[PDB]
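Chains as they are written, first to last, in the authors' numbering: chain A, 55 to 368; chain B, 18 to 363.
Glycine is no exception: its CB is placed at the ideal position from the N, C-alpha and C atoms.
First up is the structure itself, then whatever we jot down about it.
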Ligand SMILES: COc1ccccc1[C@@H]1CNC(=O)CC12CCN(C(=O)[C@](OC)(c1ccccc1)C(F)(F)F)CC2
Ligand SMILES: [Cl-]
Ligand SMILES: [Zn+2]
C-alpha cells in the first residue's frame, strides 16, 4: 500500500506496525568481495525482509514487504520463494498475482525468477486460459525471447493446447522467415501432433519449406528444418529433392544449399549406392567450391570434409 | 587491433572491489562475478594482485554447512552472497539453521572453482554435504534445479552438477544415466543441443551438454559418430565473423568461447577462422575501462571479459594461459586439481 516513492513514504524502522521486529543486517565481515553499496531506503527494506525470513513469519505485512523487496531486486530467488509461501499460507487470490506478475515480466522479460513464478501460478490454478495470448504479447516485443518460447512450449505440452499453434507459427514466418525460434516451434508442434512419418504431412512440410527458400534462400533456419525432417529418413531416398535443388543452383545458391547436396551425396555413399567412384567426386567438386568461393569462413572445415569423404570411400 | 592485458587486469581488479546500488541485481550471485574476475586474473596470471587468503575466507563464509543434527543435508552447498543475514562464519563453527538458508548449484560450482584457483585445498569443504545437496537438486527428467526451494531447470545446471562432481572427484552427487538422458533428449532437429528436449538449439546449452559428457568422459559413448558429425556442423555453422548463440542471431563475444570450447572438445577447433574470431573479440575490448562486451562500442561486463579472454586463450592468444575447455578454469588450475586428487587417493 505505501508506495516506495510517496512523499509520505516512511522507513520500516520508523513504522509503528513494525516496532516489534528487530531488523537483521547483512555482514560480509572483514574483507568483502563484489560488495554492492545499498541506499538508506533499500538496506532498510532488506534489513526487515531478512528479519521476517529468519522468523518464517506468515504475516500479511510480510507479503506486502515482499512486493517492496521485489521492486528493489526482482532477481532475488529467495524473495520470490517466500512470496510464494505467503501466497499459499495467506490463501491469496492467485488471479490478483497472475496480474501483478504480467506487469513485471514486461519490464524484465529475460528475468528467470519471474518466468518461474508465472509458471508455478499456472501449475497451481491449472488455468492456461491467459497464457498463449500473454506470451504472444511478450514475443511481439522480442520474437526470439527464449524465456517466452520455453513457457509457451511448456503450456502447450502441459495442457495439450496444440490446435492453433501451427497457424501461429505460419503467421510469425510470414512476419520474419529467418526466425530460428519459430522454425523450432513449427517442428515442436508437428513432432508432438501429426508426426512426420505420414507421407502426406512430409509432402506438406518439405513443399512449405522449399517455398520459403524460393522466397529467401539465404536462411539457415529453413534449410536446417528441411534437413531436420528428412535426415533420419535418408537424404538419398528422395531423388526428386536432389534434382529440384540442382535446378536452384543457378539462381537460389547459398552455402546452405551446396552443403545440403554434399549431405545427400554422403548419405548416398553410406547407402552403398551406384557409382561410389563418381558420386564421391560430385561431393568433392562441392566441398572444394565451398572452401574456394562459396562458404570461405569455413575454408578449412569444408577442406576437412573433403579429406573425411575420401578416407571413408576409396 | 591488439590485446590490452594490463587494462584487462585493472578491470578484473575493479569487479572484485565495489559497485554502486545500480548493480543491486547481482547481490544473489556475487560469487559468479568473483569467479569471472578471479579466473579472469588467473588466466592473465595476475592473481598476485588480490588478497587470496582474505577472498578464500569470504568464499568459505558462503558455504552452507550441516547443522548440529544434520537435518539440512539436502540444502548444503554454497550461497551467492551473505544477503540472507547469517552471522559471518568462514566454515569455522558448525551449521546455523534458518528455514530459507540453502545453497545454489551455480554458487556451489563458482565457489569450488574459485577456491581451487585461489590455492586452497578444499579441506574446509564438507564434500559429502555439497554432493548430498547436489543429488537433491536432480529431477525425474535428469536435469537439475539450482535450489531445493524450486526454480527453473535446464542444461546450465546439468553442467554445474557435472563440474561439482568433477572437482570433488566424486560423481555420487548425480544420477549420470538420467543426466545423460537429459543431454541426449535435448538434441534438436538441427543437431544443436537446447536448454532441454523441445527447445531452440543454442551454443550455451550445446557447450554445457557436450562439456558435461566430456567431464563424465562419455561423449564418445553417448553420441554416434554420425551424431557428433552433425553436432560439429551445427557448432561450426555458428561462426559468421564472431560466433553467435543460435542461428540467424547476431554474434556475441561470449560464444567465441561457448561454441569455441564445444568445437575444441569435438577436436575440430583448428578448422575455424582464427583471424575473424580474434578481430571480432578484440573488436569489443573496451579501451577506456577494459574488459569486453558482447558487441563493440558497447558497455563491458565481468562475464564477457572472462569469456572474451578465454575465447582468445582457445587460439593460444599471447599473454593468456591455455583454458581447459570442458572445466572452464586455466589449464594451470586444472593441473592444480589433478594433484589435489592424486593427494586424496592414498
Ligand atoms: C541460454 O543461456 C545459456 C545457456 C547455457 C549456457 C550459457 C548460457 C548464457 C551464456 N552467456 C550469457 O551471457 C549468460 C548465460 C551464461 C551465464 N549464466 C549462468 O547461469 C551461469 O553464470 C552466471 C553459468 C556459468 C557457466 C556455465 C553456464 C552458466 C551460472 F550458472 F553460473 F549461474 C546464464 C546464461
Ligand atoms: Cl582441436
Ligand atoms: Zn554474451
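Among the residues of chain A, those whose CB is under 9 Å from the CB of residue 51 of chain B are 87 and 88, following chain order. Residue contact check for residue 107 of chain A against chain B: a CB pair falls below 7 Å. When 9 Å is used as the limit between beta carbons, residue 129 of chain A is near these residues of chain B: 41, 42, 43, 44, 45 and 46, in chain order.
Neighbours of residue 315 of chain B in chain A, taken as residues whose beta carbon is under 8 Å from its own, are absent, since the nearest beta carbon is some 17 Å off. With contact defined as three or more Cβ pairs closer than 8 Å, the region 205-225 of chain B and the region 260-276 of chain B are in contact. Ranked by Cα distance from residue 174 of chain A, the options B:59, B:187, B:146 and B:166 are led by B:166. Residue 226 of chain B is bridged by DSSP to nothing; it lacks a bridge partner. Neighbours of residue 132 of chain A in chain B, taken as residues whose beta carbon is under 8 Å from its own, are 45, 100, 101, 117 and 166 in chain order. Beta-bridge analysis with DSSP links residue 218 of chain B to B:211. Closer than 6 Å to some heavy atom of ligand 1: that does not describe the Cβ of residue 308 of chain B. Contact fails between the region 79-92 of chain B and the region 201-209 of chain A, because fewer than three Cβ pairs, one in each stretch, are under 8 Å apart. Of the other Cβ atoms in all chains shown, 16 or more fall within 10 Å of the Cβ of residue 160 of chain B; this residue is therefore buried. In the three-state DSSP reduction, residue 88 of chain B falls in the coil class, being neither helix nor strand.
Under the criterion of beta carbons closer than 8 Å, residue 101 of chain B and residue 115 of chain A do not qualify as touching, at roughly 20 Å.
By the Cβ-count criterion, residue 185 of chain A is buried, with 16 or more other Cβ atoms from all chains shown falling within 10 Å of its own Cβ. For residue 51 of chain B, the enclosing alpha helix (DSSP H) stretches over residues 47-60.
Around the beta-carbon of residue 160 of chain A, fewer than 16 other beta-carbon atoms lie within 10 Å, marking it exposed. Within the region 174-208 of chain A, complete beta strand (DSSP E) segments of at least 3 residues are not found at all. Excluding sequence positions up to five before and after residue 322 of chain A, its CB lies within less than 7 Å of the CB of 290 and 333, all in the same chain and listed in chain order. Between residue 97 of chain B and residue 46 of chain B, the C-beta gap is smaller than 7 Å, which places the two residues in contact. The alpha-carbon separation between residue 43 of chain B and residue 129 of chain A amounts to approximately 8 Å. Short of 7 Å from the beta carbon of residue 351 of chain B, and not among the five residues preceding or following it, lie these beta carbons of its own chain, in chain order: 341 and 344. Residue 287 of chain B has its CB nearer than 6 Å to a heavy atom of ligand 2. Residues lining ligand 3 by the Cβ criterion, that is a Cβ closer than 5 Å to any of its heavy atoms, are B:269, B:271 and B:311 in chain order. Annotation: residue 307 of chain B to residue 214 of chain B spans about 38 Å, alpha carbon to alpha carbon. Taking CB atoms only, residue 263 of chain B has a neighbour in chain A less than 7 Å away. Residue state for residue 117 of chain A is assigned as helix, using DSSP reduced to three classes. The region 61-77 of chain B and the region 131-151 of chain B touch, with no fewer than 3 CB-CB distances between them shorter than 8 Å. Between residue 104 of chain A and chain B, the shortest Cβ-Cβ separation is below 7 Å. Residues of chain B whose Cβ lies closer than 8 Å to the Cβ of residue 126 of chain A are, in chain order, 41. A direct Cα-Cα distance of roughly 7 Å separates residue 295 of chain B from residue 329 of chain B. Distance between residue 149 of chain A and residue 170 of chain A, taken at the CA atoms: about 16 Å.
DSSP places residue 233 of chain B in the helix class (H, G or I) of the three-state scheme.
Within the same chain, and ignoring the five residues on either side of residue 124 of chain A in sequence, the residues whose Cβ sits closer than 8 Å to its Cβ are 130, 133, 134, 137 and 158.
Here the distance from the Cβ of residue 279 of chain B to the nearest heavy atom of ligand 1 is not below 6 Å.
The region 144-156 of chain B makes contact with the region 185-199 of chain B, as at least three CB pairs between them are under 8 Å.
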